[PDB]
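Before any comments, here is the structure.
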There are 4 protein chains.
Amino acid sequence: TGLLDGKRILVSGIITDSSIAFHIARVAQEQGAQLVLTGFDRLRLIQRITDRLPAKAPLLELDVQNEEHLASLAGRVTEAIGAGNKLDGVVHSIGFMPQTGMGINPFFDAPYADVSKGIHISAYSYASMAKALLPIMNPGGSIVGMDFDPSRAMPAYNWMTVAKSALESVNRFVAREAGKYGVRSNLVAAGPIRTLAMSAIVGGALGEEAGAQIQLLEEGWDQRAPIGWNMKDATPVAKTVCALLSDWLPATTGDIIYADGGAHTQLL
Amino acid sequence: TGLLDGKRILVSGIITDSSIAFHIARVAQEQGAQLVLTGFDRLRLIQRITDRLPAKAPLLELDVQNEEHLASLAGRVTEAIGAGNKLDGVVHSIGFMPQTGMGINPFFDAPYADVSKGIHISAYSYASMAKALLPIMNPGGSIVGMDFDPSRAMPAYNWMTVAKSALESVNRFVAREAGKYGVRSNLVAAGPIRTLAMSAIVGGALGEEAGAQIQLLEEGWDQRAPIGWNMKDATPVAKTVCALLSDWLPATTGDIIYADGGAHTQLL
Amino acid sequence: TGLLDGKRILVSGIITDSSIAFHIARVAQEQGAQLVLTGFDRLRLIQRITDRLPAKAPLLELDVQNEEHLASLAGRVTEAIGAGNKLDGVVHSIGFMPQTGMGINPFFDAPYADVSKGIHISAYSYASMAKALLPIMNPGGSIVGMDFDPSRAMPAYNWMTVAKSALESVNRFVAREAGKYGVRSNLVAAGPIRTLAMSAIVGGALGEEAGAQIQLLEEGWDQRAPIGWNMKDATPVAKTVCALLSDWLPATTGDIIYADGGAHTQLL
Amino acid sequence: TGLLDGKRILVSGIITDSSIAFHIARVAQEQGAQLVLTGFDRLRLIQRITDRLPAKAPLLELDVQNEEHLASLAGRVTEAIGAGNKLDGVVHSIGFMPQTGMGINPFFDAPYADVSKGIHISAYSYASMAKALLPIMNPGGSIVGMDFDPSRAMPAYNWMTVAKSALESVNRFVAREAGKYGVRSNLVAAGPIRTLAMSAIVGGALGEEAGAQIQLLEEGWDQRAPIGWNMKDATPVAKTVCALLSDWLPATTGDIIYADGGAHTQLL
Ligand SMILES: NC(=O)c1ccc[n+]([C@@H]2O[C@H](COP(=O)([O-])OP(=O)(O)OC[C@H]3O[C@@H](n4cnc5c(N)ncnc54)[C@H](O)[C@@H]3O)[C@@H](O)[C@H]2O)c1
Ligand SMILES: NC(=O)c1ccc[n+]([C@@H]2O[C@H](COP(=O)([O-])OP(=O)(O)OC[C@H]3O[C@@H](n4cnc5c(N)ncnc54)[C@H](O)[C@@H]3O)[C@@H](O)[C@H]2O)c1
Ligand SMILES: NC(=O)c1ccc[n+]([C@@H]2O[C@H](COP(=O)([O-])OP(=O)(O)OC[C@H]3O[C@@H](n4cnc5c(N)ncnc54)[C@H](O)[C@@H]3O)[C@@H](O)[C@H]2O)c1
Ligand SMILES: NC(=O)c1ccc[n+]([C@@H]2O[C@H](COP(=O)([O-])OP(=O)(O)OC[C@H]3O[C@@H](n4cnc5c(N)ncnc54)[C@H](O)[C@@H]3O)[C@@H](O)[C@H]2O)c1
Ligand SMILES: Cc1csc([C@](C)(O)c2nnc(Nc3ccn(Cc4c(F)cccc4F)n3)s2)n1
Ligand SMILES: Cc1csc([C@](C)(O)c2nnc(Nc3ccn(Cc4c(F)cccc4F)n3)s2)n1
Ligand SMILES: Cc1csc([C@](C)(O)c2nnc(Nc3ccn(Cc4c(F)cccc4F)n3)s2)n1
Ligand SMILES: Cc1csc([C@](C)(O)c2nnc(Nc3ccn(Cc4c(F)cccc4F)n3)s2)n1
Ligand code: NA
Ligand code: NA
């Protein structure tokens with residue numbers, strides 16, 4: 001029997017097979033979950049990518065900044081899962097911060113229009129997806145979002161760290177609302193993962209200094225982590241999301257679970 | 001001798017004599033500081049209010065959402081303090097969250113345009129003011145912002161709590177930039193204060209439930225505070241800001257000082 | 001298939017069928033784990049209680065304050081599980097604070113001899129058990145301890161809260177040592193549970209005031225928990241421990257998982 | 001006028017002129033405080049050291065593990081300050097952890113007798129001095145203890161980090177008790193300071209590895225600190241204690257003020 005047997009789970013955030021959501025989606029399918037997938041912009045590309053998952057799943061378009069996509073979401077999910085059925089899980093694996101607010105651009109040089117777009121996609125949309133999906137979720141259900149520990153400041157992350165701090169606060173309010181439906185809301189704070197944006201910065205796309213800074217963060221993370229940290233392996237992160245989606249953490253809500261090799265609990 | 005003798009300090013946030021900034025400005029002046037004041041919108045009203053302070057101080061217009069006011073700020077401050085002079089301190093006592101994002105309106109019913117405006121004024125502007133003023137600040141200088149503990153969710157505060165969570169993260173990045181100038185950046189987390197907006201909610205402006213919830217927050221705050229908490233007295237908060245503006249906390253930066261009667265350290 | 005199929009798990013802390021450890025042991029067994037149980041003092045009583053579990057399990061004597069019991073632990077466990085076999089998990093569900101240090105006695109009136117005994121059993125023993133068992137634990141293994149959120153002070157808990165603060169720090173160092181063996185170390189922060197000591201205080205054993213204070217803590221806990229909190233149900237806590245014992249949280253170490261209905265994330 | 005003008009302050013923890021308490025005592029005297037000093041064991045040595053302070057002050061013997069020294073403390077202080085007078089400040093700058101629980105000895109190899117002595121001196125004694133001195137403290141008074149951030153584990157510190165975690169919890173309970181007297185209780189979390197024990201470990205007294213670990217911690221601290229960190233300068237730490245002893249932080253209790261150059265707010 002699978003960890004997610006009989007559970008209907010919506011998974012957002014798939015762009016490539018390197019996406020954390022792809023690995024969440026693959027592990028949930030191996031664990032017997034029935035998926036509904038959401039994608040943004042490059043729908044032709046994600047269709048080809050989602051065809052690489054172990055099982056077939058409906059693919060729905062969802063731009064979190066689009067009010068019409070959100071207003072129709074619940075109805076579109078119902079048509080995909082069939083009338084009389086509700087979701088048991090929701091995975092928010094969405095984030096974006098323009099290069100003006102994250103990378104090499106000075107912290108003070110990020111224009112608010114760009115910071116605002118980043119906070120809309122990365123923090124406010126966790127509340128927006130919860131508003132749209134809670135009326136179609138079963139009691140005992142679970143909403144999971146992806147977090148990057150923003151308790152301490154660090155180089156390059158800049159406005160993304162601010163957006164993550166806003167997301168942590170949003171998660172605590174979403175828990176109050178979701179609790180009325182018997183639904184839990186939690187964040188998984190993952191260690192750094194070699195996704196396309198991460199591979200670009202380490203590889204030198206943002207220059208020598210930025211690459212050296214992220215390489216130092218990765219090296220230090222693995223050193224600090226009592227059990228080590230492998231940036232090239234999204235599996236432990238995907239497994240943690242599936243633990244939260246299961247019925248095995250039923251008294252955890254408005255919380256953060258750290259899937260970071262324990263690096264945040266160690267100074268040196 | 002005064003705690004702030006010979007120091008040039010910019011104080012933003014004065015609207016009425018109930019404003020936390022008014023009490024900070026009054027305590028700073030009693031302590032021998034030379035002030036520069038900034039005000040938004042009702043300049044005629046704030047001129048009459050600033051005439052009630054113990055000493056005369058220049059009043060400059062500053063709308064934090066206005067890029068032209070920001071771009072000219074340093075130049076306008078220099079003309080008020082005199083050429084060759086720099087500020088030893090900056091007080092950010094600015095906050096705003098539309099009623100759609102704070103109050104009786106459900107957490108999910110706040111439109112992003114309103115949330116975005118609130119975060120711009122309440123969080124991003126701490127960075128925007130630091131960007132404008134750091135080139136005109138002396139080493140040993142101090143930037144102080146006002147916060148309301150957002151570590152745990154609570155009724156009615158809603159998107160303001162999300163804005164305060166974003167501000168705490170902003171302060172940690174401001175500290176990195178300000179450190180290059182030998183300047184400290186900190187937040188003062190005050191307990192609830194009976195300012196105009198607070199007096200309105202307790203008084204019943206937002207209805208029976210909202211008034212009851214805020215009364216319960218206040219009552220509980222005073223109960224958990226080992227030294228109690230007087231919501232009608234802004235002096236202990238003003239004194240704490242002045243301590244951070246002084247040379248008496250010289251190794252504290254990117255941090256939060258709680259002027260809350262110790263309420264946050266107690267469960268019951 | 002069970003969540004804990006094929007895993008050998010040591011479970012300490014059983015005294016009655018109300019013990020949190022009893023519910024952890026019962027859930028682990030339903031999930032296909034092979035248990036080794038440890039008990040203190042009343043072995044005849046605990047044998048009768050352990051006979052009430054779904055499956056038979058060896059019972060070993062372990063007084064954590066007894067260096068001879070500690071020195072022989074690994075050898076005695078090996079004889080119970082069979083030569084060539086190792087443990088996949090350890091559950092530390094042990095705690096004690098004399099009434100001078102927890103209850104109605106003023107915080108200042110607890111003698112150090114009593115405080116010291118409480119910290120030995122409640123905090124130091126987590127490290128002492130990890131020292132004794134790590135040489136007989138498999139890579140991928142898990143050590144779990146029971147905690148009660150000590151981040152904020154509260155009435156009556158007194159020196160137990162100080163012991164829990166020490167335990168949280170111990171867990172972070174245990175993680176460093178356990179990481180060398182590929183073993184994770186975590187704490188489960190449970191909400192209040194109606195165990196024998198808890199039922200006594202609520203029931204009036206320590207007088208009118210102490211009973212009223214604990215009733216107020218319980219009532220408030222259920223109020224702040226977005227998903228509520230049932231003090232008479234240890235199952236959600238037992239399930240959370242089993243999640244940490246499983247392979248489903250493999251990148252979490254030196255950490256705390258809150259099985260508290262989300263109460264700690266909410267102010268009111 | 002001085003920051004501590006007219007204030008009677010008890011300062012414990014002077015052993016050499018490198019002691020953090022020596023610098024607290026020197027700064028408080030420059031700020032016009034009237035001191036009462038306490039010393040342990042080497043009274044002849046501390047007399048010669050205390051003679052190097054800017055002003056004369058009574059020296060009282062105080063071993064925190066000695067019940068008779070604590071029972072007579074208040075009476076002995078009254079005789080030194082004169083009948084009819086009370087203290088306005090108390091500085092706890094005491095700490096000890098045997099080499100078995102801090103340094104090169106493995107974390108698991110510290111015997112409880114040694115850990116217990118370390119917790120008695122470093123954590124329990126903060127409560128013991130508060131019990132003895134609160135009946136002779138004025139309203140508006142302040143108790144300050146020295147802390148080393150124990151939120152994250154680190155090499156060598158070992159059981160001292162555990163004792164500091166216990167101290168942080170003790171401080172929160174002492175605040176509840178002190179609040180009944182109108183007295184605040186806070187901790188100052190200092191960055192690393194080149195005291196005799198610190199100079200010995202960096203210098204190589206505990207071997208090559210331990211020296212390299214502490215040198216790395218110091219180097220990293222200064223790097224992480226937005227305003228830098230000078231381990232050879234206790235003045236910023238002494239100034240922070242004097243800020244807490246003053247009337248300038250009157251609504252802060254059961255709290256921690258970080259005098260660490262802001263290093264704890266930055267990851268890298
Ligand atoms: N090191 C890391 O990669 C790292 C670390 C911790 C947490 N996280 C978080 O995990 C999540 C997934 O990130 P990832 O690394 O897999 O990156 P990714 O690029 O693979 O996924 C991010 C996704 O956000 C989607 N998205 C962006 N704007 C959108 C919009 N307007 N509407 C809908 N979807 C939109 C993109 O299409 C993409 O699928 C993010 O929230 C990220 O911040 C990442
Ligand atoms: N209980 C409380 O009142 C409480 C508690 C903790 C922290 N705080 C924080 O303290 C600060 C001051 O609040 P207050 O209670 O004195 O309220 P206030 O209304 O007296 O002051 C808030 C100020 O923000 C200014 N402001 C708003 N929009 C602006 C803009 N675009 N440009 C520049 N200034 C603008 C207003 O003119 C006003 O002077 C805020 O950051 C608030 O969040 C308040
Ligand atoms: N509300 C609560 O009950 C609550 C809340 C959160 C966490 N916890 C923690 O959970 C754990 C289990 O508590 P419980 O509520 O099940 O109580 P319990 O009394 O049922 O179990 C505590 C156990 O500690 C054992 N113990 C005491 N001294 C010992 C010694 N010297 N050697 C070995 N074992 C010894 C006792 O025999 C008993 O089995 C403790 O660590 C407790 O602090 C309890
Ligand atoms: N890097 C550091 O040095 C560092 C960093 C942060 C915090 N602190 C803390 O600051 C405080 C002062 O430390 P320090 O560095 O000045 O060291 P220190 O050696 O100069 O002072 C420690 C003092 O504790 C006293 N003491 C020990 N046992 C005692 C007993 N039984 N009774 C009474 N007094 C006793 C000693 O006599 C000594 O005066 C300690 O609590 C320490 O942990 C130190
Ligand atoms: C927390 C995190 C790490 S990578 C990630 C997402 C969802 O892939 C991103 N969303 N928006 C991003 N924008 C930018 C702009 C520049 N980058 C590269 C970059 C990184 F990928 C990581 C750190 C710094 C950095 F500059 N990434 S990266 N989120
Ligand atoms: C942290 C805080 C408390 S009062 C405050 C400011 C600066 O006065 C505000 N800035 N924007 C505000 N917007 C609104 C909307 C509704 N209110 C009233 C209100 C309160 F004043 C306090 C709590 C809840 C609440 F609804 N306040 S109030 N900020
Ligand atoms: C954290 C916690 C809650 S109940 C618990 C244990 C393992 O049952 C205890 N271990 N030692 C205990 N000692 C005492 C002394 C007095 N009590 C009763 C009591 C409680 F059970 C709970 C809160 C306060 C209180 F006074 N409990 S209770 N530990
Ligand atoms: C927090 C801190 C740093 S130095 C300090 C005190 C009060 O001077 C100490 N109290 N007891 C101490 N015992 C030991 C045993 C060995 N040392 C040297 C040493 C250090 F001084 C610092 C880190 C590790 C280390 F091994 N120190 S050091 N407390
Ligand atoms: Na109170
Ligand atoms: Na509730």
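Residue numbering restarts at 1 in every chain; chains get A, B, ... in the order shown in the structure tokens, and ligands count up from 1 in that same order.
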With 9 Å as the limit and counting only C-alpha atoms, what residues in chain D lie close to chain A? Please list them as number ranges by chain. D: 151-155, 213, 216-217, 220, 264-268
List the spatial neighbours of residue 44 (chain C) as a list in words - criterion: any atom at most 12 Å away, only C-alpha atoms, same-chain residues fewer than 2 positions off excluded. residues 15, 16, 39, 40, 41, 42, 46, 47, 48, 49, 50, 51, 59, 60 and 61 of chain C
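Residues with any atom within 9 Å of residue 91 (chain B), counting only C-alpha atoms and excluding same-chain neighbours fewer than 3 positions away, are residues 9, 10, 11, 12, 13, 21, 24, 142, 143, 144, 145, 146, 241 and 245 of chain B.
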Check the smallest atom-to-atom distance from each of A:111, A:58, A:182, A:228 to ligand 10 using only C-alpha atoms and all ligand atoms, then report the winner.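 With only C-alpha atoms and all ligand atoms as the atom set, the closest residue is A:182.
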May I have the residues within 6 Å of ligand 7, computed using only C-alpha atoms and all ligand atoms, as a PyMOL selection string? chain C and resi 95-99+102-103+148+156-157+197-198+201
With N, CA and C atoms retained, could you export that selection as a CSV table (one decimal), in the first residue's frame?
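What follows is the written file out-v8.csv:
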```csv
chain,number,residue,atom,x,y,z
C,95,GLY,N,10.6,11.8,31.2
C,95,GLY,CA,10.6,13.1,31.8
C,95,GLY,C,10.3,13.0,33.3
C,96,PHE,N,10.9,13.9,34.1
C,96,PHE,CA,10.6,14.0,35.5
C,96,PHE,C,11.1,15.3,36.1
C,97,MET,N,10.2,15.9,36.9
C,97,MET,CA,10.6,17.1,37.7
C,97,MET,C,10.0,17.0,39.0
C,98,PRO,N,10.8,17.0,40.1
C,98,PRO,CA,10.1,16.9,41.5
C,98,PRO,C,9.1,18.1,41.7
C,99,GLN,N,8.1,17.8,42.6
C,99,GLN,CA,7.1,18.8,42.9
C,99,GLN,C,7.7,20.2,43.4
C,102,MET,N,8.1,22.0,39.9
C,102,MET,CA,7.0,22.0,39.0
C,102,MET,C,5.8,21.9,39.8
C,103,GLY,N,4.8,22.8,39.6
C,103,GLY,CA,3.6,22.8,40.4
C,103,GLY,C,3.2,24.0,41.1
C,148,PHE,N,8.0,19.8,25.3
C,148,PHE,CA,6.9,20.7,25.5
C,148,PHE,C,7.4,22.1,25.4
C,156,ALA,N,3.2,27.3,36.6
C,156,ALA,CA,3.4,25.9,37.1
C,156,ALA,C,4.4,25.0,36.5
C,157,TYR,N,4.7,25.1,35.2
C,157,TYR,CA,5.7,24.2,34.5
C,157,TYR,C,7.1,24.5,35.0
C,197,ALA,N,0.0,12.5,35.5
C,197,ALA,CA,0.3,13.8,36.2
C,197,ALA,C,-0.6,15.0,35.8
C,198,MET,N,-0.9,15.0,34.5
C,198,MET,CA,-1.8,16.1,33.9
C,198,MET,C,-3.2,15.9,34.5
C,201,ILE,N,-3.3,17.2,38.3
C,201,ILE,CA,-3.3,18.7,38.4
C,201,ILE,C,-4.7,19.3,38.0
```
From the DSSP assignment of the backbone, select every residue of region 143-237 of chain A that is strand (DSSP E or B), and format the answer as number ranges by chain. A: 143-147, 153, 184-190
Name the closest residue to residue 120 (chain B) among the candidates B:253, B:66, B:138, B:72; distances are taken between atoms, counting only C-alpha atoms. B:66
Neighbours of ligand 10 within 6 Å, counting only C-alpha atoms and all ligand atoms, as a ChimeraX atom specification? /C:222-228
Could you list, as a PyMOL selection string, every residue within 7 Å of residue 249 (chain C), counting only C-alpha atoms and ignoring same-chain residues fewer than 3 positions away? (chain A and resi 239-240+243) or (chain C and resi 244+252)
Residues flagged alpha helix (DSSP H) by DSSP in region 144-209 of chain B, as a PyMOL selection string: chain B and resi 158-179+196-203+208-209
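The gap separating CA of residue 126 (chain B) from atom 15 (O, counted along the ligand's line) of ligand 1 is 28.8 Å, in Å to one decimal.
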If you measure from CA of residue 29 (chain B) to CA of residue 88 (chain B), what distance in Å do you get, rounded to one decimal?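 Those two atoms sit 13.9 Å apart.
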Smallest atom-to-atom distance to residue 87 (chain B): which of B:65, B:105, B:34, B:158, using only C-alpha atoms? B:34
For residue 134 (chain D), find every residue with an atom within 9 Å (counting only C-alpha atoms), except residues of its own chain fewer than 3 positions away, and show them as a ChimeraX atom specification. /D:74,87,129-131,137-138,177-178,181,183
Put those residues in a file: N, CA, C and O atoms, as a PDB file, in the first residue's frame.
```pdb
ATOM      1  N   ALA D  74      21.897  39.494  50.991  1.00  0.00           N
ATOM      2  CA  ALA D  74      21.096  40.719  51.150  1.00  0.00           C
ATOM      3  C   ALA D  74      21.529  41.553  52.354  1.00  0.00           C
ATOM      4  O   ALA D  74      21.693  42.773  52.218  1.00  0.00           O
ATOM      5  N   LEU D  87      19.279  48.379  46.085  1.00  0.00           N
ATOM      6  CA  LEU D  87      19.968  48.360  44.788  1.00  0.00           C
ATOM      7  C   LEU D  87      19.020  48.728  43.659  1.00  0.00           C
ATOM      8  O   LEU D  87      17.823  48.402  43.693  1.00  0.00           O
ATOM      9  N   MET D 129      20.590  34.282  42.649  1.00  0.00           N
ATOM     10  CA  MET D 129      20.971  35.670  42.954  1.00  0.00           C
ATOM     11  C   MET D 129      19.744  36.581  42.932  1.00  0.00           C
ATOM     12  O   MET D 129      19.672  37.515  43.739  1.00  0.00           O
ATOM     13  N   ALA D 130      18.771  36.309  42.023  1.00  0.00           N
ATOM     14  CA  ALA D 130      17.522  37.083  41.943  1.00  0.00           C
ATOM     15  C   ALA D 130      16.681  36.877  43.201  1.00  0.00           C
ATOM     16  O   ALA D 130      16.175  37.848  43.721  1.00  0.00           O
ATOM     17  N   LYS D 131      16.585  35.630  43.704  1.00  0.00           N
ATOM     18  CA  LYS D 131      15.878  35.303  44.961  1.00  0.00           C
ATOM     19  C   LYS D 131      16.491  36.069  46.160  1.00  0.00           C
ATOM     20  O   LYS D 131      15.765  36.650  46.971  1.00  0.00           O
ATOM     21  N   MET D 137      15.853  45.329  46.205  1.00  0.00           N
ATOM     22  CA  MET D 137      15.876  46.091  44.954  1.00  0.00           C
ATOM     23  C   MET D 137      14.732  47.112  44.862  1.00  0.00           C
ATOM     24  O   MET D 137      13.609  46.826  45.255  1.00  0.00           O
ATOM     25  N   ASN D 138      15.017  48.286  44.328  1.00  0.00           N
ATOM     26  CA  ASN D 138      14.009  49.323  44.147  1.00  0.00           C
ATOM     27  C   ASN D 138      13.114  49.065  42.934  1.00  0.00           C
ATOM     28  O   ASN D 138      13.609  48.511  41.940  1.00  0.00           O
ATOM     29  N   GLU D 177       8.935  36.785  38.360  1.00  0.00           N
ATOM     30  CA  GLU D 177       9.149  37.026  39.781  1.00  0.00           C
ATOM     31  C   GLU D 177       9.570  38.451  40.027  1.00  0.00           C
ATOM     32  O   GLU D 177       8.986  39.114  40.913  1.00  0.00           O
ATOM     33  N   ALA D 178      10.585  38.944  39.242  1.00  0.00           N
ATOM     34  CA  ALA D 178      11.087  40.306  39.385  1.00  0.00           C
ATOM     35  C   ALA D 178      10.007  41.368  39.080  1.00  0.00           C
ATOM     36  O   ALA D 178       9.999  42.417  39.715  1.00  0.00           O
ATOM     37  N   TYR D 181       8.163  43.082  41.810  1.00  0.00           N
ATOM     38  CA  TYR D 181       8.960  44.110  42.499  1.00  0.00           C
ATOM     39  C   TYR D 181       9.175  45.360  41.606  1.00  0.00           C
ATOM     40  O   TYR D 181       9.855  46.302  42.033  1.00  0.00           O
ATOM     41  N   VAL D 183      10.808  45.211  38.811  1.00  0.00           N
ATOM     42  CA  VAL D 183      12.178  44.964  38.345  1.00  0.00           C
ATOM     43  C   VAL D 183      12.175  44.191  37.016  1.00  0.00           C
ATOM     44  O   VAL D 183      11.438  43.190  36.876  1.00  0.00           O
TER      45      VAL D 183
END
```
Excluding same-chain residues fewer than 3 positions from residue 25 (chain A), what lies within 9 Å of it counting only C-alpha atoms, as a list in words?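 Contacts, with the query itself left out: residues 11, 14, 20, 21, 22, 28, 29, 30, 33, 35, 37, 53 and 238 of chain A.
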Include C-alpha atoms and write out the residues we just selected as a compact mmCIF listing (two decimals), in the first residue's frame.
```
# COMPACT_ATOMS: atom_id res chain seq x y z
CA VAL A 11 0.36 19.84 -7.67
CA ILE A 14 6.10 21.99 -12.75
CA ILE A 20 10.92 20.43 -7.10
CA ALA A 21 7.19 19.96 -8.02
CA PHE A 22 8.14 17.32 -10.63
CA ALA A 28 3.11 11.13 -4.78
CA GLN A 29 2.26 9.00 -7.83
CA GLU A 30 4.58 6.14 -6.67
CA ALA A 33 -1.96 9.53 -5.24
CA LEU A 35 -2.94 13.96 -9.38
CA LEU A 37 -1.46 19.28 -12.25
CA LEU A 53 5.73 11.11 -14.81
CA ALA A 238 9.64 15.51 -2.24
```
